[PDB]
Amino acid sequence: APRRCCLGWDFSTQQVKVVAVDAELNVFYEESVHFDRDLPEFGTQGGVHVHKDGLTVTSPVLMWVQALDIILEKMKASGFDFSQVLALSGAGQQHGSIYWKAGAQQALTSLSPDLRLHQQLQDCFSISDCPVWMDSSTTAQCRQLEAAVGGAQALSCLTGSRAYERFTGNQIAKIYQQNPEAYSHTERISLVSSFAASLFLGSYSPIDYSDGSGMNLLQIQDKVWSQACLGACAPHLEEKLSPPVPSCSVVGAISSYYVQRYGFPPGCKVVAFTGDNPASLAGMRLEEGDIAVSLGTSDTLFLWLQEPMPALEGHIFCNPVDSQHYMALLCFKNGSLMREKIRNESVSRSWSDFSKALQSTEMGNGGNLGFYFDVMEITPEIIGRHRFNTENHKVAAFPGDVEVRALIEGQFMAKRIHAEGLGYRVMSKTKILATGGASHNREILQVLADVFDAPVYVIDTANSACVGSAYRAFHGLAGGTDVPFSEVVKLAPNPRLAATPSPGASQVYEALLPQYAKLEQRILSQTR
Ligand SMILES: O=C(CO)[C@@H](O)[C@H](O)CO
């Protein structure tokens, strides 16, 4: 059998990564270009420039273009067989934007295979330093956007999110306000995802519905740009964005540039690029009723949503593997640092003793409940440690083992309560995917399984955006919108079952979840 494959790209904050996935849906090749290490002339740290104000965070667009030259030439030098690539897709670090100068599409459509991309596109950008997801300098544009469309809730119902500083519309509004000459000289605005797709097409790619939802611009229901949001951000913005498309769209064939320079087959299809979190959702193969918990410095919840309920917290996006439905992200600032601090304070400085504390305590923790927010939390907006005993009295401390369970049960009950607030419901078919450092702890995943009353599976997500992108490319080849994504990726490696809810978990948490939710509201009302 000749080995056919799809490429899955990731234009990330710190690097450009690629995976090659074969027709049996196995990864057989991976490569990357690290920005600080491989393009040090740009002077980035973590792939970005943090500006003097401590809020403006950007990346040079030509660094991303040049990184693509380096990685393609690094693949060629390793003997990678580009003639086997049937299709490609990719992921882009979300929210980041690219501003193409007037006349740049002529340079894209007239690329010569004798030259590199960086050389040929060096004068194509009206903005050299692109805002990225880490930028937090647009608070005034956020408040202006919300006020213009009738408020924070009105903006979320419409776009799936209230105004967030990193969301593209607020960044576009600042560039227009502070550099109106460069904005007037911009013919096209892309996301990192659609910018990367444009490079492979040798023409402008549209923005997909899923990454297009991370801008405070797209009407997530109607799948059209909100005229009110467009007008409140910057003038003539719709023509600079172009109509958005379903994520499972063949946006074109690969440019002849890649055919002639690297030996891609002329029939290689470019499937629309999407955001890195939507691509990881595809990579993890979430379906209706499923949830993914990414445990790390920040804890991230990925939800499948048939019918969303946009809120002042979280982000609802159009679903990348099912354009009729949605997905959501909920981010928790107090993640792995709290779990480490509580371990070090309450048990021996090891994860084994943390697990023994969970093994030596009952489900429900005897009615002892805890909230652990040493840094200001996002979901919800609370700071401090708040402990309550079985009589709902506020207490100064717990015994060490009770503390460990109060943290872990509390953190997972909060994820369930906040997911449910966005319209998520546990179903009979529900599978929980857990990833990150803490997913290596069986006792922690047992609490997660017990709290949701659903089985927990463990998966490696180091390349989930790359892998999800290659799956999405295969879905485009296997029939696209005519076939379900889930049927295409049935052949992919299955995740390992790590825990199933204990008998009686349902009875314990059905009574305790509403009490935890009421205590959260009590702490919140004491803040205002
Ligand atoms: O801003 C977000 C999500 O809203 C980050 O996860 C970036 O997508 C990472 O590149």
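Residues numbered from 1 in each chain as written, not as in the entry; some residues may be left out. Heavy atoms only, no water. Residues with missing side-chain atoms left out of burial classes, pairs and counts.

## Overview of the domain arrangement of the protein
Domain annotation of the protein identifies domain 1 (1-283 + 460-494) and domain 2 (285-459 + 495-528). Using only C-alpha atoms to locate each centre, domain 1 and domain 2 end up separated by 31 Å. Every contact between the two is made by 41 residues of domain 1 and, on the other side, 26 residues of domain 2. Elements that contribute at least two residues to the side of domain 1 that touches domain 2 include exactly α6 (152-159), α13 (276-284), α18 (464-477) and α19 (485-488). (Domains from an automatic or database assignment. Contact = heavy atoms within 4.5 Å. Helix = DSSP H or I, 4+ residues; strand = E, 2+ residues; numbered from the N terminus.)

## Considerations on the packing of aromatic side chains
One pass over the full model with this rule turns up 21 aromatic pairs. Each ring, one from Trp 64 and one from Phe 195, has its centre 5.9 Å from the other, and the planes form 50 degrees; the classification is tilted. On the criterion of sequence distance, the pair formed by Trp 64 in helix α2 (residues 61-77) and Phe 195 in helix α9 (residues 192-201) is long-range, its members being 131 residues apart. Both residues of the pair, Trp 64 and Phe 195, count as buried. Between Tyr 164 and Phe 167, the ring centres sit 5.5 Å apart and the planes meet at 40 degrees, which makes this aromatic pair tilted. Each member of the pair, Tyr 164 as well as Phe 167, carries the same accessibility label: buried. Aromatic rings pair up to connect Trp 9, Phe 11, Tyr 29, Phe 80, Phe 82, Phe 200, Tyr 257, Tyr 258, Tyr 262, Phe 264 and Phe 273 into one cluster. Between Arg 3 and the ring centre of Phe 28, over which it is positioned, the NZ or CZ distance is 3.9 Å. The ring of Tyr 183 carries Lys 240 above its face, with NZ or CZ at 4.9 Å from the centroid. (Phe/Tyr/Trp six-rings, centres within 6.5 Å; stacked < 30°, edge-to-face > 60°. Buried < 20%, exposed > 50% of the residue type's maximum accessible area, 1.4 Å probe, protein only. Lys NZ or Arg CZ within 6 Å of the ring centre and 35° of its normal.)

## Here's the deal with the side chain of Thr 186
For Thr 186, the location among the structural elements is in strand β9 (residues 186-191). Once you skip the residues sitting within four places of it in the chain, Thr 186 turns out to touch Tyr 99, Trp 100, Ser 126 and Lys 240.

## Here's the deal with the environment of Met 134
If you trace the backbone, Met 134 turns up in the loop between β8 (129-131) and α5 (139-148). As for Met 134 and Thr 58, which are separated by 76 residues in sequence, their C-alpha atoms are 8.1 Å apart. Once residues lying within four places of it in the same chain are set aside, the contact partners of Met 134 are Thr 13, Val 48, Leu 55 and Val 57.

## As for the packing of α5 against helix α7 (residues 168-178)
Two elements in contact, α5 and α7, have axes separated by 9 Å at closest approach and are oriented at 110 degrees. The pairing of α5 with α7 is recorded here as roughly perpendicular in orientation. Judged by the twist between their axes, the crossing of α5 over α7 is right-handed. Across from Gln 141, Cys 142, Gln 144 and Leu 145 in α5, the residues of α7 making contact are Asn 170, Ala 173, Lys 174 and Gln 177. The residue inventory of the contact of α5 with α7, partitioned by class, reads three nonpolar, four polar and one charged. (Axes fitted to C-alpha atoms, helices over the stretch in contact; angles between N-to-C directions. Parallel < 35°, antiparallel > 145°, perpendicular 65-115°, else oblique. Left-handed = near helix turned anticlockwise from the far one by under 90°. Nonpolar A, V, L, I, M, F, W, Y, C, P; charged D, E, K, R; others polar.)

## Here's the deal with the UniProt feature "binding site: substrate" in the protein
Within this numbering scheme, the UniProt entry marks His 95, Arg 166, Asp 276 and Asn 277 as carrying the feature "binding site: substrate". As for its placement among the helices and strands, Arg 166 is situated in the loop between α6 and α7. Not counting chain neighbours up to four residues away, the residues in contact with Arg 166 comprise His 95, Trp 133, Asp 135, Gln 171 and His 315. If you trace the backbone, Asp 276 turns up in helix α13. (UniProt positions renumbered as here; feature names shortened; annotations may be inferred.)

## Observations concerning unusual backbone geometry
A cis amide bond, omega -5 degrees, links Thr 379 with the succeeding residue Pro 380. Here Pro 380 lies in the loop between β19 (369-373) and β20 (384-388). In this structure, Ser 242 takes a positive phi of about 75 degrees despite not being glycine. Residue position: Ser 242 is located in the loop between α11 (237-241) and β12 (250-253). Classification of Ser 242 by relative accessible area gives partly exposed; the value is 22%. Residue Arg 285 is not a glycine yet carries a positive backbone phi of 60 degrees. With respect to the helices, strands and loops of the structure, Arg 285 is situated in the loop between α13 and β15 (291-295).

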